[PDB]
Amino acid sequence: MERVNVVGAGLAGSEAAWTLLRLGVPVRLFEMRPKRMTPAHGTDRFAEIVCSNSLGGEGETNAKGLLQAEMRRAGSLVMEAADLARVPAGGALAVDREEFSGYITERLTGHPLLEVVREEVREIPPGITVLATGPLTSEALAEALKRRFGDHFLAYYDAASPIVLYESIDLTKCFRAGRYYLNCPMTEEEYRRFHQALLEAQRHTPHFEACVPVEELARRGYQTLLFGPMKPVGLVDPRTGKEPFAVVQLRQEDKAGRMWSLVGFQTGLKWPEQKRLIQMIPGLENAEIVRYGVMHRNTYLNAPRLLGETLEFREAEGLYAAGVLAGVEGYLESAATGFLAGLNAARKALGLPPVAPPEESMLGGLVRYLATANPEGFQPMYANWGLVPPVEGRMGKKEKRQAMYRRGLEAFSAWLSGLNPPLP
């Protein structure tokens, strides 16, 4: 029988396959494990959880909590598995990893319309196909993607800097300018405090070579950051009429301008340390960090250059990407993009046009960011409140988040209800 190809049976591919199957579209699910393992995997199971067993905070104040709720409403297999494999984790949804992957593997393998092929896919399959090969996408397939779409549009590591919410910046301590960006000028004493704090800050341990984490630049000498990302070259501080001693620059990442990254602040610091350090920067004393910096091995595509919000390749009809390969980060985000890619692939198989959830929903905010974010040096994205529209008002952050949760979940549910054919 004719089948939609799903390449990779991780978080994204498992959900993509389930979505296709639910809509009555047969699937050919390729998985190279166990005979070819990635450096992080150890089993033959679909949707193996390779690290932490947390799927994110569940609260109505948590962006991941909204995405969890949306995925339940969608009938996600990953959420079913998580709900059944739930273990205690202080506010987070966390799972017994073996019960989680076991349930997913059983439900998929037992479906009459699923064929499993245990092989490494080395070339882009023809026909309707979802690619979901993850952060450790095999070398051969990565090479195939570079050949087809361009060497510069696939990355092997992320090197993300922190991103803050624009409204949380104190603009009285910044100036907008390009050399000769938002610029946060610093005095020599402020730089010295910041540099010293970087020397001692707690950092994660690796499991890049000209891309050096800022905390490591600090360790390589007092001058290093001043020659690098904190250089004031070509800038004039309107307050002094002179070149500032040092600056931190921020650049706009999203179309809406809610999300601004610290330029050149790639980092492997622990997240609480990043927050402490960031709030030492003039203008950022009360900054809300919506995406923390990270430095790791991570194969992914330039989503804004290559993908629509539908997760279909702009220049390859009926080809889709999901999961980390598509430019997201996180087990849940990967499953959720798998759902959407599978939905659109199923619709394609049925001769129907693709869909995408609304901007108010977390999944919608995420995929719309993938399609429209700044393409230059594009880095992966996880679920956060910067991705959806604000809730206007002067209520506190907790309340705004609760309002965003309710609004988003309702918007997502209405979107689901409008789908034809419906998810049964």
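Residue numbers here begin at 1 and follow the sequence given.
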| query | finding |
| --- | --- |
| Count class of coordinate-free deposited residues lying between the neighbours residue 207 and residue 208 | 4 to 9 |
| Average Cα temperature factor in the PDB entry - higher stretch of 118 to 126, 326 to 334 | 118 to 126 |
| Stretch with the higher entry mean CA B-factor, where the candidates are 412 to 420 and 13 to 21 | 412 to 420 |
| Out of 88, 134, 354, 304, residue topping the C-alpha B-factor column of the entry | 88 |
| Residue, from 73, 347, 219, 231, that the PDB entry assigns the highest Cα B-factor | 219 |
| CA B-factor ranking of residue 52, expressed as a third of its chain | highest |
| CA B-factor ranking of residue 32, expressed as a third of its chain | middle |
| CA B-factor ranking of residue 161, expressed as a third of its chain | lowest |
| Modelled-residue ranking by C-alpha temperature factor, third containing residue 365 | lowest |
| Third of chain Cα B-factors occupied by residue 319 | lowest |
